[PDB]
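# Could you work out the structure for the sequence below:
(chains A, B, C, D and E)
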Amino acid sequence: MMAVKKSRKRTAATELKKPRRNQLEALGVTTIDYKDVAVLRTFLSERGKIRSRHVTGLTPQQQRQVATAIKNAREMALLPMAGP
Amino acid sequence: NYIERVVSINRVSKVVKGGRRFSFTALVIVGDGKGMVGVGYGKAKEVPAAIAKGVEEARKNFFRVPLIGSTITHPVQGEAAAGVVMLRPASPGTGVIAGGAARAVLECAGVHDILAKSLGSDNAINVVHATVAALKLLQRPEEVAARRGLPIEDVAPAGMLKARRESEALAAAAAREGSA
Amino acid sequence: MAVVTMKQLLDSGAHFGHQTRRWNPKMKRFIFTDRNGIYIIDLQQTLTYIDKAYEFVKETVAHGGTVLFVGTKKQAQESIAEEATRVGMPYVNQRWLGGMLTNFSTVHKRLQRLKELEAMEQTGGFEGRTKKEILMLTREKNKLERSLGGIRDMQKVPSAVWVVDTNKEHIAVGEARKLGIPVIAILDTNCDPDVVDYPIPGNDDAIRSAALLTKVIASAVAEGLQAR
Amino acid sequence: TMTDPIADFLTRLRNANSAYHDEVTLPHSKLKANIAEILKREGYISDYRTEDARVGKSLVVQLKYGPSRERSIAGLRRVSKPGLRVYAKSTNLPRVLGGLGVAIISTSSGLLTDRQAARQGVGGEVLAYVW
RNA sequence: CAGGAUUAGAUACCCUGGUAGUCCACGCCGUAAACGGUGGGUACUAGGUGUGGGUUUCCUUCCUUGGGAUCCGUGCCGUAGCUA
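Numbers count the residues shown, from 1 in each chain, chains lettered A, B, ... in the order given. And now the structure:
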C-alpha cells in the first residue's frame, strides 16, 4: 500500500527501518540490567562477541551501557563468555 | 596610428627525449598615446610571430584610463601576483618617471608627468599586470559624484578643476588650430 | 502586458522546479518559501522579466537580428525541431561545440567542407573512390549534421542572445559573455542567476514548461519579424 | 574581546559591501550615529536609523548600490587606532586621493570632514579614511 | 652481546639464544616531526553535507537519523575573498 520512504501520507513515523533503529527504546526491553541475560544474549553472536552500532542501531549511550552490563555479566559468570 | 613595444624576450625550452624544443616569447604593449592601453604575451618559435601575436592581442584587450590632460588623478597601490606599484601624479613638466616596463606602459598610454616605483616582483610580467590593476583601481571624479550622488564641487578640490579647465582650453586650441 | 492569464497558468502549475541541496542565489525575492523542502515561483518577478526581455527583443528583432535553434537537452530537442519547422529557422539537436561564438571562423570552414561534401554527394561521385571511404563519408555527414545546423544560415557575426541547457553547458555562456552581448535563458534553477543581463526564472527539466516557453520566444521572434 | 567598536563598524560595512547585503545591524552609540550622519551627507550610504533590541538600542544602516550593482564605496580604512593614536594639525591634515575621498576628524567642533575642519581652521584626532 | 646463514667482506637486515631496560613506589632531567609543521582573545563574512550532546515546536503514531528551529563541539565538498 505504501513505500518504505516517500511517506507523504502518515505523520512522521514512529517506526524503524534498516538505516534507522534505536532498538532498545524501540522494543525488546524491560530495563538495562546485567541480571537479565536472556535480553543481553540478543546483542551478541553465538561466538559470544559483541555487535557494532551500524549493525544494531543504538546510540553510543545505550551501546556503552549495554556493553558494560555484558562485561559485568561475564565477570559474574551469568553469561557464557567465549573460551575453552 | 599606434605605438607598440617589445620589452621582454626570453628563450624558453620545453624538454623532450630528443632534446630541447626551444621557443620564443614576447611581451608587447600598445597605446594610442591618449588613454587606450593594451597588453599581450605572445610566443612562438619565431620572434616576429610572437611580436605580432602580442600586437593583435593588445589591440584586442584595450583599457581606457582616467586621465587629466597629461597626469593621473590620484596615487594608488596596484597588486598583481606579487607586483606592487605606487603610482602617483606629478606636476606638469616633470617627466614619465618609471623603470622599463611601467615606462613603456605609460608612455604608450599618453602620460607625460607621473611617478612610479616597483617594490616587489621585479619581473616585467607581474609588474605590467600590477600597473594595469592600478589603472583599473583609478576612478574619474565624475563617476565618483555619480556613485555617491553629490556634485563635483563638494566631491573634488579646486586645483584639479583648474587643471581640467586649462587642459580643455589647450585642447580646444589645438583642435581649432588644426581644423578651423 | 501578460501573455497567459492566472488560471490557465495555474492549470499547468506555478510552483515547480528543484531540490534544496543545491541552491545559492542572494535574491530572497526569487527565493520564495520553504515548502515540502522545496521552493516556488515569484510570479511578480517572472512576469516582470518576461515583459522586460520581450520588449528588448521586440526592439532587437524589429531591427532584425537573428538566432537559431540549436539543441542540447533531450527535453527540448523535438520542441526546437517543431518550432524550427513553423518559424522556418534551421535547427540543431545533439551537441555543443567548444568555441563556436569565439572561434566562428573555423566552424565557418567546417560549413565550407559541409558544402564541399554535399556537392560531392549531389554530383554523385561515389565509386570514384573506395566503397568503405564512401561509407565513412556517410559517417562524417551524419556526425557533421547532428552537430551543426545553425551556421548553414548564420554567416553573419552571430549575436550571443539565447541559451541552451545552462548548468550543463556553462561552457556556452563564457563563450558568450566573453564578448558580453545580452544573454537569455529560462533559468536552470540551481545556478548563479545574476551573471546574465536578461534572466528569466522557470524550470530546468520539465518538457512541458520548456516547450511552452520555447513557443513563447518563437512567438516573440515571429512578431519581431512580422512587424520588422 | 571587543576593544575597537569603530573598527567593528567599519569592517562590518566592508564585509557587507563585499557580500552585497542590503541592510546592516549593530548596537548603538552616539559616535557611530555621528559617523553615519556624516556618511549619509557625503553620499556613501542611503539612510540609517535606530531600532532597538533586548537590553539596548541598535543601529540599522541602508546602503547604496549602483543601478548596475556598482558598489559606491571602494575602500575604507581606520587610521588612528588604539596604540597608535594619530593626531592632526590643520597644517598637516591628510589628503585622500588628492582630496576626493574623505577623512573623518574628531574635533572640539565635533566630527568633521577635513574640508570643514580646515575652513574653521581646527584640527585634532583623525579616525578614518574613506573612498 | 654470542653463534648460525647470506655476503666479495657484513661489526646489519634473516634465524636461534639472551643481559640492562620495559613494570611498581619515591625522586630526578625537562627534551621530539611535543604537527592542524597554522599563539591567544573577539565581531561580521554564500551554502550544502554527514556526525556526537542537550533544548524545543508541528504532521503527531506522539513507542520516531521523525521533521523544523536553536545552542556547543567535530569532519568532507565548496562560493566571493586570499595566497608565489
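# Kindly report the residues of chain B close to chain C.
Taking CB under 8 Å from any CB of the partner chain, no part of chain B reaches chain C. Just so you know, the C-beta spots here come from the backbone N, C-alpha and C atoms, and that holds for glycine as well.
# show me where chain B has helices.
Using DSSP state H, the helices of chain B run over B:47-60, B:101-109, B:124-137, B:141-147, B:152-155, B:158-178.
# Check chain D too.
Taking DSSP H, the helices of chain D run over residues D:5-18, D:30-42, D:114-120.
# Show me which helix runs longest in chain A.
In chain A, assigned by DSSP H, the helix with the most residues is helix A:60-75.
# Show the contacting residues for the nearest residue to residue D:87 once chain neighbours are set aside.
Setting aside the residues directly before and after it, residue D:87 is nearest to residue D:125 in space (CB to CB, 6 or more residues apart in numbering or on different chains), at 5.5 Å. Listed by CB atoms under 8 Å, 6 or more residues apart in numbering or on different chains, the contact partners of residue D:125 are D:80, D:85-88, D:105-107.
# Check the gap between whichever residue of chain C sits closest to RNA strand E and chain D for me.
Proximity of chain C to RNA strand E (CB to the nearest atom of the strand) peaks at residue C:21, 3.7 Å away. Distance check for residue C:21 against chain D: by CB to the nearest CB, to the nearest Å, it reads 22 Å.
# Around chain D, which positions in chain C sit nearby?
With CB under 8 Å from any CB as the criterion, chain C meets chain D at residues C:26, C:194.
# which residue ranges form the helices in chain C?
With DSSP H as the criterion, chain C has helices at C:6-11, C:43-63, C:77-87, C:104-123, C:131-147, C:174-177, C:207-226.
# give me the number of residues near residue 36?
Here I'm looking at chain A. Using other CB atoms under 10 Å in any protein chain shown, residue A:36 has 15 neighbouring residues.
# that's the wrong chain, I meant chain C
Taking other CB under 10 Å as the criterion, the count of residues near residue C:36 is 9.
# What backbone torsions are found at it?
Main-chain dihedrals, residue C:36, degrees, to the nearest 10: phi 60, psi 30.
# next one: residue C:156
phi -140, psi 50.
# got a list of what the residue nearest to residue D:95 when sequence neighbours are not counted touches?
The shortest distance from residue D:95 to any non-neighbouring residue, by CB to CB, 6+ apart, is to residue D:114 (7.6 Å). Taking CB under 8 Å, 6+ apart, we find residue D:114 in contact with D:93-96, D:99, D:102-103, D:105.
# now, which of those sits nearest chain B?
Relative to chain B, the closest of those is residue D:99; by CB to the nearest CB it sits at 4.0 Å.
# Now do the contacts for that closest one.
Residues counted as contacts of residue D:99 (CB under 8 Å, 6+ apart) are B:156-157, B:160, D:114-115.
# which one of those sits closest to residue C:191?
Within the contacts of residue D:99, proximity to residue C:191 (CB to CB) peaks at residue B:156, which comes in at 42.0 Å.
# and residue B:166, which of the helices of chain C is closest to it?
Of all these, the one in closest proximity to residue B:166, counting by CB to CB, is helix C:174-177 (41.3 Å).
# hmm, who's touching the closest one?
Under CB under 8 Å, 6+ apart, the answer for helix C:174-177 is C:99-102, C:160, C:163, C:183, C:195-196.
# what do you get for stretch C:49-65?
The contact list for stretch C:49-65, computed with CB under 8 Å, 6+ apart, reads C:1, C:3, C:159, C:161, C:182, C:184, C:198-201, C:216-217, C:220-221, C:223-225, C:227-228.
# let's see 6 Å
With contact meaning CB atoms under 6 Å, 6 or more residues apart in numbering or on different chains, stretch C:49-65 is reached by C:1, C:159, C:184, C:198, C:200, C:220-221, C:224, C:227-228.
# Test of understanding: give the bridge partners of residue D:78.
residue D:128 (DSSP bridges).
# contacting residues for it?
So residue D:78 contacts D:7, D:10, D:128 (CB under 6 Å, 6+ apart).
# Any quick PyMOL command for the buried ones out of these?
Restricted to buried positions by 16 or more other CB atoms under 10 Å in any protein chain shown, the PyMOL selection for these reads:
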select buried, chain D and resi 10+128
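# Which one of the contacts of residue D:78 is nearest to chain C?
Using CB to the nearest CB, the contacts of residue D:78 come closest to chain C at residue D:10, 22.4 Å.
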